[PDB]
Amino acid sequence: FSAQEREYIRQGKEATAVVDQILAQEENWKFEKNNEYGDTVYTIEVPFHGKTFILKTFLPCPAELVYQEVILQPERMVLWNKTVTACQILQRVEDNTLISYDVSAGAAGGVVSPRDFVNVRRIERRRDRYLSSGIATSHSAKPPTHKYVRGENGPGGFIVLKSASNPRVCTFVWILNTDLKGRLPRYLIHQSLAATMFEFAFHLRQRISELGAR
């Protein structure tokens, strides 16, 4: 591996370690907001990157289906997930480290403009869960441009937890630490992120339903 490939690999492992640490501290998550579907958003304060949002949703399908639809098919997720405007895999390192270009849709109400991102992700399959953990990185094919504000994710990820007791249900967790930059006050950004998390959950639920109807 080149030095650059090794740095991408390390970044994915580091992001995975933080995701694991957050999941191991669930008793310390602070409730923030929920909705009428029981989607629940929490926060946790993490060193350096600070405040991190966590979405937890119970879904009526096997964990493997969510792993396929969210974690293994990020480009296809653009089609059904309106919070995702675009996704392009720029580069793969080994089988489980990927560098992507990602564009997030403007806030449902237009106050927060779309951001684009460059991310490294590490995908791990475990006995009882699937993880896609990642963090901002740089890639020469996608410099910042005037088309978008270039946001920067801290450590976070998508996690699907298998149910030991009922194979027909699973738990979906989105850990989201991000800096959208710009000059809006933080509280407005935080409102927009929570809203985006609920919208994500809505599209994921609809996708699982559509797949279960066929």
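Residue numbers here begin at 1 and follow the sequence given.
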| item | value |
| --- | --- |
| Higher-B stretch (mean Cα B-factor, as the entry records it), 134 to 142 or 104 to 112 | 104 to 112 |
| Between the two ranges 4 to 12 and 204 to 212, the one averaging a larger CA B factor in the entry | 204 to 212 |
| Largest Cα B-factor, entry values, listed residues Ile71, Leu90, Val120, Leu79 | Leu79 |
| Residue with maximal Cα B-factor (values as given in the PDB entry) among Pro62, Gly157, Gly182, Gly154 | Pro62 |
| For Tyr67, the third of its chain into which the C-alpha B factor falls | highest |
| CA B-factor ranking of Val18, expressed as a third of its chain | lowest |
| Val169 - which third its CA temperature factor falls in, relative to the rest of the chain | highest |
| Among modelled residues of the same chain, the CA temperature factor third for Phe48 | middle |
| Where the record places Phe58 (Cα B-factor, split into thirds across the chain) | highest |
